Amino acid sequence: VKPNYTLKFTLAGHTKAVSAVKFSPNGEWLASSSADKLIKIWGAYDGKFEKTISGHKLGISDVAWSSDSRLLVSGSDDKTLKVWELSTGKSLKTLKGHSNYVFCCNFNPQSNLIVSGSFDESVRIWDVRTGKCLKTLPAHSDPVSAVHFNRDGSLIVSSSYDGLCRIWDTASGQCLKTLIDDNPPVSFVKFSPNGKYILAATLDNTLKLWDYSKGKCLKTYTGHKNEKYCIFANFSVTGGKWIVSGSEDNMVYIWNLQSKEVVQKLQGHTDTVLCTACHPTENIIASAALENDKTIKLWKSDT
């Protein structure tokens, strides 16, 4: 059982490193964020440039979609987050309160809340309607690399360069759990679609799939290079069950979720592949890379 992603489109337009790429939940759009201070929207199936969204003062490190594909949230080195209305390009709110670069962000499923993580070592939960910060969690002792809500919004996972991965009760703000052999920086983390497992990446060229309730590592995936950058990893579940991640050898890696065999390496980028994302219904992968490449690529497979 094995995939065959082939290159279909290359999208260009960013003038600096592309920091994140993300499909709209409705499957129609691809958003990209960049150090060039911009967000760009592309048609998810044809890769056709849709529009540019501007307003951040400095580069953007992450960008994310509301549940209804109408809004987007971004986090910037200008210490703020901004909520965008897709259809109009408006900056509806500007979320202020972090004391250093905002690195990562996400809506909850209900999309009435946003979670953020920052170089200032905190995780914040914001009210989407009022733009006010509801809670500041003193989550880590080093910059916060990723944040993500589980399926029903009850839980938040964070990760940090301090080597910890932590689970938080959304309602109370309490730390319910802390994952722990060495303490290599944790560069990325994300719940599984069903909310039972946690995919985590560490700066020792390793991805691990955790059962977070039992606090035990169930799978480990290697072959890629990852010692420097906070690279996105994904579950691909529309066809075969894969793990998908970028890599510092300019290649997109695809593992079999069960066997942990590398089943495909997508070639064609000319710098570190920092971001990847999986389309929600079709077997379509998006990828994008750093300063020396700056292009976004779309790949499709029959499985």
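Don't overthink the numbering: it's just position in the shown sequence, from 1.
(message) So residue 171 and residue 172 are neighbours in the shown sequence, but is anything from the deposited sequence left out between them? Give the count as none, 1 to 3, 4 to 9, or 10 or more.
(response) In the record, the chain runs straight from residue 171 to residue 172 with none unmodelled.
(request) Could you check which stretch, 206-214 or 186-194, carries the larger mean CA temperature factor in the entry? (result) The entry gives the higher C-alpha B-factor average to 206-214.
(request) Read off the CA B-factors in the entry, average them over 22-30 and over 257-265, and name the higher stretch. (result) Mean C-alpha B-factor is greater for 257-265.
(request) Tell me, please, which of 74, 130, 116, 145 has the highest C-alpha B factor according to the deposited entry? (result) Max CA B-factor in the entry, restricted to 74, 130, 116, 145: 130.
(message) Using only modelled residues of the chain, where does the Cα B factor of residue 238 rank: lowest third, middle third or highest third?
(response) For residue 238, the deposited C-alpha B-factor lands in the highest third.
(message) Please place residue 163 in the lowest, middle or highest third of its chain according to the CA B-factor in the PDB entry.
(response) Middle third - that is where residue 163 ends up once the chain's C-alpha B-factors are sorted.
(message) Ranking the modelled residues of this chain by C-alpha B-factor as given in the entry, is residue 248 in the lowest, middle or highest third?
(response) CA B-factor rank for residue 248: middle third.
(request) Just say lowest, middle or highest third for the CA B-factor of residue 124 relative to the other modelled residues in its chain. (result) Within its chain, residue 124 is a middle-third residue by C-alpha B-factor, going by the deposited values.
(message) Could you place residue 36 in the lowest, middle or highest third of its chain by Cα temperature factor, using the values in the record?
(response) Middle third.
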